[PDB]
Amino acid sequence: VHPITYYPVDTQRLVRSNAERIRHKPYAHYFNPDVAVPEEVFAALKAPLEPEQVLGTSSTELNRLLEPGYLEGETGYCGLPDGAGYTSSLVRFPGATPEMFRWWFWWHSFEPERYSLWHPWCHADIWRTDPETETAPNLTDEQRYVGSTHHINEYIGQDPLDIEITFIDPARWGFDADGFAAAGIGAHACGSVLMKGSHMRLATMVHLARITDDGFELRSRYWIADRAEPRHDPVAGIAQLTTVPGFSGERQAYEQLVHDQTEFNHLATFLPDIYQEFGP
């Protein structure tokens, strides 16, 4: 692995802010500002994917994620014709289990300081409208974030964004959800990422946790600034993000690649431990 060499200046402030506000929290000894990315993905950081390495959003294409082995371009980014963009990102979670992933995705979302463990440089804020769900009885791990919305403030590039991420049952997009078990997929986190104000789509997002001998691998896909949720129409009266005068789908896709690899490789360093300490 190799240490990150670029830290946008607003994020140099935020990481210090986060380090301080978390001082007394019990999980605070998980706060490590050190971030890195594995040697194996460096080619993906230096050149875009070719068009034929891009996965589509039809159920045919999506369900290709359930095949054993790997697809073309497991990790990379590129611009798309619309002015939209695409990111794929594989991240390994050795010595962790998909249940830890499931656990993690609701656990982090109720305290901002918890969120800042995940990316100490970029995560500023997170809240839900349903605090109750943290403690309610007889819910599985999935039931505590699937269906929910996370209102998030974070940096995915130079500037802070206010985004709303709603998680969905993958079957809603035509995923062969029943086939998840046999394909060794044991956790998922899929949904739409909208801008807080205009509700423009920043990303259709997929996270699939597939079991490996050492733990599990995360296979993630983002279709950036696309026109619609898969298997749905565009929302009437909401413009595509590609219409925003300065916006670049290609560059956003690159930032998403860098962000995703930084975020999830970091999580993978302390997920099995924070689970053992704060989970069931």
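Residue indices: 1-based, along the sequence shown.
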Given the B-factors recorded for C-alpha atoms, which segment has the greater mean, 133 to 141 or 184 to 192?
133 to 141
Select between 240 to 248 and 22 to 30 the stretch whose C-alpha atoms have the higher average B-factor in the entry.
22 to 30
So if I compare the CA B-factors in the entry for 207, 201, 119, 128, which one is the largest?
128
Go through 57, 53, 63, 212 one by one and give the residue whose Cα B-factor in the PDB entry is largest.
212
Which third, lowest, middle or highest, does the C-alpha temperature factor of residue 175 belong to within its own chain?
middle
Going by the recorded CA B-factors, say which third of the chain residue 266 sits in, lowest, middle or highest.
middle
Going by what the PDB entry lists, where does residue 222 fall on CA B-factor within its chain: lowest, middle or highest third?
lowest
For residue 161, return the chain-relative third of its C-alpha B-factor as stated in the PDB record: lowest, middle or highest.
middle
Give the position of residue 42 by CA B-factor within its chain, expressed as the lowest, middle or highest third.
middle
